[PDB]
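Colleague: I'd like to ask you about the structure that follows.
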Amino acid sequence: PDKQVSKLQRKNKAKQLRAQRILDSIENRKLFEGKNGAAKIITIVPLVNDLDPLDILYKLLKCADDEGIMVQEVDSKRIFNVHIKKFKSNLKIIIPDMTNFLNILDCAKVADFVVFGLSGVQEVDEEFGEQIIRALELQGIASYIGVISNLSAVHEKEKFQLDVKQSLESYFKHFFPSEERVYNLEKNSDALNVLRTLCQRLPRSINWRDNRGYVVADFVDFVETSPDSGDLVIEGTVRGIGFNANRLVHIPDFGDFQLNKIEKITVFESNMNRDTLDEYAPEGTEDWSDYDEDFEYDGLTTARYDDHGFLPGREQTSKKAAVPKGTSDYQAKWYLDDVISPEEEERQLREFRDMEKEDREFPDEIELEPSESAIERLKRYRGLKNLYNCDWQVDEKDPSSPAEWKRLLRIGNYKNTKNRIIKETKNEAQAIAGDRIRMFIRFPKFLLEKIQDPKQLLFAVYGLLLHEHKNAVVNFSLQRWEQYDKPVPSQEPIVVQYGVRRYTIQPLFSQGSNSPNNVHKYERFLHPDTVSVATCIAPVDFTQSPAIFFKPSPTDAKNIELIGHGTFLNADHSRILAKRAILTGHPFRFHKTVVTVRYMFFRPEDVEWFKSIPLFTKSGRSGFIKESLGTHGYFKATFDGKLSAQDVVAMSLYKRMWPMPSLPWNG
RNA sequence: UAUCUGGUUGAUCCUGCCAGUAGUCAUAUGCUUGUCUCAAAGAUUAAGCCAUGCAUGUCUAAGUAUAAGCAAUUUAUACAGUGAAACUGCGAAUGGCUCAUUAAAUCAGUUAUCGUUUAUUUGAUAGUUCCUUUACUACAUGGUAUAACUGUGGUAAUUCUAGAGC
RNA sequence: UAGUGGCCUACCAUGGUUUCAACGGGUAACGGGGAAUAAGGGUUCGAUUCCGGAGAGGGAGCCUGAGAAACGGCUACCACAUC
RNA sequence: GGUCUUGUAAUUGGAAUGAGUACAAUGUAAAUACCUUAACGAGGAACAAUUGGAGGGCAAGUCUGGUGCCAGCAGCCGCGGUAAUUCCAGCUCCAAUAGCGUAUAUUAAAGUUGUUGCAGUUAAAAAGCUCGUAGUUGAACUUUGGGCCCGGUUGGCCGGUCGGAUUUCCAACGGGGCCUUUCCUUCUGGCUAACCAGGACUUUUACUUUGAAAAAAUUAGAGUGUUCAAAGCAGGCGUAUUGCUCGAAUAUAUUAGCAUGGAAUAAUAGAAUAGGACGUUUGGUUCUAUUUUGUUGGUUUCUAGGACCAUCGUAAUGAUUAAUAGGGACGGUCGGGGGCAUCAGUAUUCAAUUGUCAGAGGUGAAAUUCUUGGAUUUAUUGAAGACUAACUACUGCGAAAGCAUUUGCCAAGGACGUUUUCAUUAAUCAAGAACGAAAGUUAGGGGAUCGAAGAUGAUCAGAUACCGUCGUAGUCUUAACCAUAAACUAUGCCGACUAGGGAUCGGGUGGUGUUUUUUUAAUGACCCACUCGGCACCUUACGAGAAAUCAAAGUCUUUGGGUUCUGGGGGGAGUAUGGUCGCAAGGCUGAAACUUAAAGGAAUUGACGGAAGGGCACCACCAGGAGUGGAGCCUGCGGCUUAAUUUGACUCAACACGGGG
RNA sequence: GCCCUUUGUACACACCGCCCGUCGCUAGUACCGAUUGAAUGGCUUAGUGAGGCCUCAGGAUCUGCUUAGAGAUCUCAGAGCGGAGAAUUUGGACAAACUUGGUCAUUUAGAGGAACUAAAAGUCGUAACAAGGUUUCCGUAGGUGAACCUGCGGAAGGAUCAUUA
């Protein structure tokens, strides 16, 4: 009735809205504050091979003076549940050795608090230290609270000595600047400021890290529950986004498996409504029957340019014999018409990095020697008009389709199923994270080489989803790694991480421009600056991580050869390709209307039958071939202006190659 | 130091808005950052919530010493120089912070108290006190009550305190 | 009451304020010198080192005392919240 | 010939230094630093100043590459479609400089808040017109001119001081003592009015002038070498011989409050009864004790100090005006002014009689109706309404809406004349109240006229749907509303003046003034003059306005005669919402959310026409000739076919084939 | 047909229905909210009202003076009276607060409606089909696919050369 929203001195009654803000500051104090399933992973990895965190646990905590001193033990615990008697919390500090580079980047999904070890003794190395900066950094640092752990650096000068601290406080801020000062080991309350940082200072969050169900791997077992399965008694402080009884369990480096009964020490089984233990979709073989494009390659008259162009020129072959002797180009048809390895990194490094321009400028040029044939090589695919305007498709019916392309979970869209896939975990989230859990995880006897008991070593365990058991086809966004100048050809197996886990996938990089129509290329090779878009089949981990593509070798002081970082863009079937061609025209003279071009067509059936190709200049002057006669190849057309011997009278082969699957590398 | 400029029309003669510009003991903030003297600095936005430590206690010739406490006894058997604790007195109503309230309220300038209280400070001020000073008197000075001292204890824990003897 | 007084209280009178704006409402309102100004006037701000007022999270209430409706004083309620 | 320089000069040339490290001690409660201080650390690679721009506002290239709508660039406009000054870069340059940007907020320019100091004819804005209260203002009058001197200040011929007035001649700026009715008072001890007590003022508020209160800190400024400063109120000087000694101003802060003149302005009015002042007067009323009485209290007077009746002696005994401001009376006019009856008109259509004997009706073509039981052009009598047609305008009036023929009736008004009466009774206007076109709203009268809607005929495509015919209500009135107009002269109402005019109409006057005839200028009307009322016009525009135009849309930047209501860019929007007034329809008051670089005013210059004139052309037309138009081929191409069956623009095209048979 | 051109006089580009509109979908947000949860309160209706302070009282107790029970400054019942005086209870007024009614609400959580918004995409009508109005108003009354039209009043914000004694 009355629009009477005035008299708002009881706008102060709407400090009720601050009460919601009070409610905003209550339910987030549920999972992180206590002892019963509230102890946090803090992994201390210095940037320096010295500083050796047995004194960082001890000589730093000589100001705390509770008995984390007493268990600061040569029997390296790594589950340090010392209840420190002033801020009331059990703890966990992972102290890894400096070399085991395989889980430091992998255990960091539960690991909230990350602490660099900063030293002016060793210069932070451009392959060890600065690249551990780039490795811990570009996975997404959950919380970076820097500590100068230097005991032997407080007397390297006596004459305003504080440059040993300023050079490190700025070095925390040259890449990851969210600390102001970095603390000396000579003030008192800075050691229980660590426990303030654990208890009262809540950590901040990574986008991709906190989207799933992720668990802790304290201990495992060797059980016999099948001819080839067992069980796992895992102590795990779960911090996931909300588990479900429908979910599956994930042993990284080995496989994808299933439980027996989810319990607490309330029984939740591995119930019937599940995807049975496939990897490619089992309905995919039957999905190799949606004959969307039966584009038979040699049983046509016209390419798919119907959709305003050609009336088709029919060549109805009705040959008649040529009886008398001696024949030129002309007289045959009017004879008797009864009309009724480091060396090849210098040998083949000449070409296998400089053939990267064979992709760019002459992609599918039919190249022309008098021995090379024009018909056979680039034969068996369409030739539409323009990549920003044409029409290429998803699922033809050919043998060119690989194994987990025609046996796919054909991913609909990524963006229109990320709401499904994530909201399968948003809504169907039943088993409560935050607690402790004793689960009978069925554990196969096959994969019992490298599953260990980490009180001193490094391993972790992850979770799965319902339809993450199925797999799909991905299309990455990649940038070149910084200060990594040398290119790599892009039809080659690169070990893809999108996140942390490793797969030697065989991608297809294409240009990462702003694409209106979402139509791509089969670009063979790379570009040294801009964004690349990979295209491959991967067995899919659907949470948009900063992707790391590398070479599987312990080459540098890093145990990786970092090739390039980028973005897990999507997993999409209709994100489709079209490889270009640019043919050649070299104008032999300087004409007015009809330009006599040579160096264009050698053979007569390569002259005559290849007169159905659209003539376009490199300047873009499109058009069609009306005639041609050249042998050592002319034409006769009509363009905007005139032509010159440095022009390119190009022609169109717009062809479509087909993608390549992955390889799971773990070693 | 009483400056204005660009935008409607094809244009001689021609109105009202917008944008630019300059200050800010206005804030915030980007980039850069070497000296000298300075120097604000948790108001808004939460008159919202707090670990921890500190911020108010105090004694001189001149209120109460048997510390068993000590220094030298050296000037003394009544005491006498120092002096813990404790009684007593004064202080703790000043300072410091914050600005939510509050619109004839506060406050500001001017009034008034012939209508009122005032530790302190400063100045002045009790022959009549046995109310019979015709006395049951001790004014050569009359009584209790107690802390600390002590020595037996309980409390999960508080600057909790109990029982007796001084 | 320290004291004037509708400050109450007991009987009386029917008054008092106002379009010279009563009363009611809002204030991102603590009031006074300051600031940005700069032909002059006008404009907007003033939590803030000084003066005065108010409060010790919000309302009550009382002791000691010359002085407090005191909170690094006390009792109770209300909102919190420690071992 | 280079004494001197502008830079090219990277060839120089040694000397020279701080930020930074340091003994040293000061420095400080203890330390840092900072004035101090020896040792050590510079050459351009040194020990290197960044930040924003580079199309206009807005300095600074149309330099060169990649870029040619592809991004770009844009606070507002403006470019790039390929000659980009405006794109990515390379240069290079421009500013401010350990400092430059950016975001919002305010101030300024911003006469876009206007008291100073806007704007309403058309650009947003004057309302429908009167009556009216609060408020805001409000007509004119009250002691001039001159003498006696005092000389505070200046002119300088004086110069006697040689930057200055002291003997001082000529005039000039000031207030006082006093005076030409200029009362400037009375009241007397100090007293013989200089000034101090004493009784009244030639009235009280509004106004203003000088004090006082206005905390210190801020704002303005001596002085001070804190090294200048920002600061700070500090400090300076010798024989340092044992000390000497300057300071730490003032300016400011209205109302309100408290003291005194000033003598206008506005206010308030005396003395219209003269029951009043000058009453220095007299019986009588309230009186009376500082008293003297005799020391102190019941009983008294004369008596110091006020008032009036009986009562009259006193000087000059009280009526500021009749307004080119209003209100009355009375007078002749005036009168399509308004109102109440009567009343006439050309006739109108409707109704009848009567006369009649086969078409009219519209529109651009057409389509809708009456009648041999009588059409329509004839002849005669009524109901209703309308308006008084022409005379009807350089009109006359009325608050506005409005009103045009007579006669009687009813007041007022307007004008004009007056040597009549009120003597400021006054202007507008919050609130409040009358009236109110057309239309519309309830209850009635007629029901003649046409006629929003509607019922019919239309009638062909949208030459365009303008046509035509009947029509409830309505138009006309009665008892009442409504409260709307381009209700507009697009201009609120009372003031001031100016132009310049020939007429008007309402009044007033009569020329040795001209004619019918009261008898040269009578009834009436005139030429020449003159006055105030209403309606108008056009000039040069002095003044404006931006401009059309305006004698007021003036006397406004040379800004203020009084008062009332509106407007702040366009929209959104007179929309929502709420408060009202009505039975209603609607009327009165009135936003935001959002979006914009515009909306708007008057004014002008000449392309294109679906405007065509004349020419004048037989490279076009009529009279026909030659003759195509049906065909074989030279001569010349577009089409098939090619290793080859080549090729293109000028009078510019359907052509020359480019001497190419 | 074009020259001398005249002249409507820019159309200074004279105004309007009039052309990316329907069905079935993609998402984004206006809004209301027929509905219960709040969330705490303005206002006030009602029954309770902690608490200290003052009073009507009460009197654990310890005491003392004096007459006191017993020995030359003696307690073994005291007895009046006096002093201080810790519980409980009367009343008072001050009174934070509970138990409540409607109401105004807000920020809100479901709950359901009509919608609009984008280059929005298959769609046949006005994409993909062609013309027509070409006095402008104001008040007011009516019809309206539309500027327009009609009724009564009004206006110019509209284009007057000539004959006159």
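Residues 45 to 309, 335 to 409, 461 to 787 (PDB author numbering) make up the first sequence, in order.
No residue lacks a Cβ here, since even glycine has one placed at the ideal position from N, Cα and C.
1. Does the pairing of the stretch 523-537 with the stretch 265-281 give three or more beta-carbon distances under 8 Å?
2. Does the beta-carbon distance from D484 to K738 come in below 7 Å?
3. Using DSSP bridges, identify the partner residues of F301.
4. Would you mind giving the Cβ-Cβ distance between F596 and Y618, rounded to the nearest angstrom? I have them listed as a contact below 8 Å.
5. Report the rounded CA-to-CA distance for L195 versus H640, giving the unit in angstroms.
6. Tell me which residues share the same chain as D363 and place their Cβ nearer than 8 Å to its Cβ, disregarding the 5 neighbours each side in the sequence.
7. My output table needs one value for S50: the three-state DSSP class, helix, strand or coil.
8. Per DSSP, what kind of secondary structure is residue 410 in: helix, strand or coil?
9. Ordered along the chain, which non-local residues of its own chain (more than five positions away) have a Cβ less than 8 Å from that of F730?
10. So if DSSP puts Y366 in a beta bridge, which residue, or which two residues, is it bridged to?
11. Going by CA-CA distance only, name the one from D110, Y501 and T370 that's closest to residue 791.
12. How would you write the range of the beta strand (DSSP E) that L682 sits in, first residue to last?
13. Round the Cβ separation of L182 and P666 to the nearest angstrom and send it over; I've been treating them as touching at under 8 Å.
14. In terms of residue numbering, what span does the beta strand (DSSP E) encompassing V159 cover?
15. Please report how far the alpha carbon of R373 lies from the alpha carbon of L507, in whole angstroms.
16. Does the stretch 747-754 touch the stretch 763-772, meaning 3 or more C-beta pairs lie closer than 8 Å?
17. Leaving aside the five residues before and after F662 along the sequence, list all residues of the same chain whose C-beta is less than 6 Å from its C-beta, in chain order.
18. Taking 7 Å as the threshold (C-beta atoms), are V660 and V581 in contact?
19. Return yes when at least one heavy atom of the ligand MN lies under 6 Å from the C-beta of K402, else no.
20. Between the alpha carbons of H693 and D726, how many angstroms are there, rounded?
21. Indicate whether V191 and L212 have their beta-carbon atoms separated by less than 7 Å.
22. Based on DSSP bridge pairs, tell me the residues matched to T650.
23. Closest by CA to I148, which one among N679, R695 and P707?
24. Give the C-beta separation of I657 and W525 to the nearest angstrom, bearing in mind that I take them to be a contact with Cβ-Cβ under 8 Å.
25. Strictly by DSSP, which residues pair up with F337?
26. Among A691, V89 and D110, which residue has its Cα nearest to the Cα of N533?
27. Taking the beta strand (DSSP E) that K671 belongs to, which residues open and close that run?
28. Grouping DSSP H, G and I as helix and E and B as strand, with all else coil, what is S211?
29. Run through the DSSP bridge pairs and tell me what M559 is partnered with.
30. Taking DSSP's pairing of strands, which residues face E516 in a bridge?
31. Here's the rule I'm using: 16 or more other beta-carbon atoms within 10 Å means buried, otherwise exposed. How should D605 be labelled?
32. Residues in the same chain with beta-carbon distance under 7 Å from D511, minus the five sequence neighbours each way, listed in chain order, please.
33. For the structure I just gave you, are there three or more beta carbon pairs, one from the stretch 240-257 and one from the stretch 105-115, closer than 8 Å?
34. How far does the alpha helix (DSSP H) with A179 in it reach, from first residue to last?
35. Which of helix, strand or coil does DSSP assign to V191?
36. Are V158 and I128 close, meaning C-beta to C-beta below 7 Å?
Modeller: The relevant details are as follows:
1. no
2. Along the first sequence, one-based indexing puts residue 484 at 364. Along the first sequence, one-based indexing puts residue 738 at 618. The answer is no: Cβ separation not under 7 Å.
3. For this step, residue 301 is matched to residue 257 along the first sequence. Answer by DSSP bridge pairing, in chain order: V293.
4. Reading the first sequence from its first residue, position 476 is the one you call residue 596. Reading the first sequence from its first residue, position 498 is the one you call residue 618. Correct: roughly 7 Å between the Cβ atoms.
5. Reading the first sequence from its first residue, position 151 is the one you call residue 195. Reading the first sequence from its first residue, position 520 is the one you call residue 640. If I take the Cα positions, the gap works out to 56 Å.
6. For the purposes of this step, residue 363 is identified with residue 294 of the first sequence, where counting begins at 1. Contacts found: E516 and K517.
7. On the first sequence, position 6 is the one that residue 50 refers to. Looking at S50 - three-state DSSP - the assignment turns out to be coil, as it is neither helix nor strand.
8. Here the chain is numbered 409 followed immediately by 461, so the structure offers no position for residue 410.
9. By one-based count along the first sequence, residue 730 stands at place 610. Counting only Cβ-Cβ distances below 8 Å, and skipping sequence neighbours, we find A494 and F721.
10. Position 297 of the first sequence, counted from the start, is the residue given in the question as residue 366. Beta-bridge pairing links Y366 to no other residue.
11. Given that the chain is displayed from residue 45 to residue 787, the structure contains no residue 791 and the question cannot be resolved.
12. Along the first sequence, one-based indexing puts residue 682 at 562. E681 to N690 is the extent of the beta strand (DSSP E) around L682.
13. Numbered from 1 along the first sequence, position 138 holds the residue referred to as residue 182. Numbered from 1 along the first sequence, position 546 holds the residue referred to as residue 666. With a Cβ gap of about 6 Å, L182 and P666 count as contacting.
14. Taking the first residue of the first sequence as position 1, residue 159 is located at position 115. Taken as a continuous stretch (DSSP letters only), the beta strand (DSSP E) holding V159 covers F157 to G161.
15. As a position in the first sequence, residue 373 is number 304, starting the count at 1. As a position in the first sequence, residue 507 is number 387, starting the count at 1. Going from the Cα of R373 to the Cα of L507 covers about 14 Å.
16. no
17. On the first sequence, position 542 is the one that residue 662 refers to. Taken in chain order, the residues that qualify are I541.
18. Stepping through the first sequence from its first residue, residue 581 is reached at position 461. Stepping through the first sequence from its first residue, residue 660 is reached at position 540. No; because the gap between Cβ atoms is not below 7 Å, this pair is not in contact.
19. The ligand MN is absent from the structure shown, which contains no ligands of any kind.
20. Residue numbering aside, residue 693 sits at position 573 when the first sequence is read from its first letter. Residue numbering aside, residue 726 sits at position 606 when the first sequence is read from its first letter. So the two alpha carbons sit approximately 37 Å from each other.
21. Position 147 of the first sequence, counted from the first residue, corresponds to residue 191. Position 168 of the first sequence, counted from the first residue, corresponds to residue 212. For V191 and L212, no; Cβs fall outside 7 Å.
22. Position 530 of the first sequence, counting from 1, holds the residue named residue 650. In the DSSP output, where bridge partners are listed per residue, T650 has none listed.
23. Position 104 of the first sequence holds residue 148. Closest option to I148, Cα to Cα, is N679.
24. Residue 657 sits at position 537 when you count from the first residue of the first sequence. Residue 525 sits at position 405 when you count from the first residue of the first sequence. Right, their Cβ atoms sit about 6 Å apart.
25. Indexing the first sequence from 1 puts residue 337 at position 268. Answer by DSSP bridge pairing, in chain order: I306.
26. Counted from its first residue, the first sequence places residue 533 at position 413. The option with the nearest alpha carbon to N533 is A691.
27. Within the first sequence, residue 671 is the residue found at index 551, counting from 1. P666 to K671 is the span of the beta strand (DSSP E), which, as asked, contains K671.
28. Locating residue 211 in the first sequence gives position 167, where the first residue counts as 1. In the structure shown, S211 sits in a helix (DSSP, three-state: H, G or I).
29. Taking the first sequence and counting its residues from 1, one reaches residue 559 at position 439. DSSP lists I306 as partners of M559.
30. Start at 1 with the first residue of the first sequence, and residue 516 comes out as number 396. Answer is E362, bridged to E516.
31. For the purposes of this step, residue 605 is taken as residue 485 along the first sequence, with counting starting at 1. Answer is exposed; the Cβ neighbour count stays below 16.
32. Stepping through the first sequence from its first residue, residue 511 is reached at position 391. Closer than 7 Å at the Cβ level, and outside the excluded window around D511, lie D376 and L504.
33. Touching, no, given that fewer than three Cβ pairs across the two stretches are closer than 8 Å.
34. If you number the first sequence from 1, residue 179 lands on position 135. Taken as a continuous stretch (DSSP letters only), the alpha helix (DSSP H) holding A179 covers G173 to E181.
35. Locating residue 191 in the first sequence gives position 147, where the first residue counts as 1. For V191, the secondary structure class from DSSP, reduced to helix, strand or coil, is strand.
36. Here residue 158 corresponds to residue number 114 of the first sequence, with the count starting at 1. Here residue 128 corresponds to residue number 84 of the first sequence, with the count starting at 1. Not a contact, by the Cβ cut-off of 7 Å.
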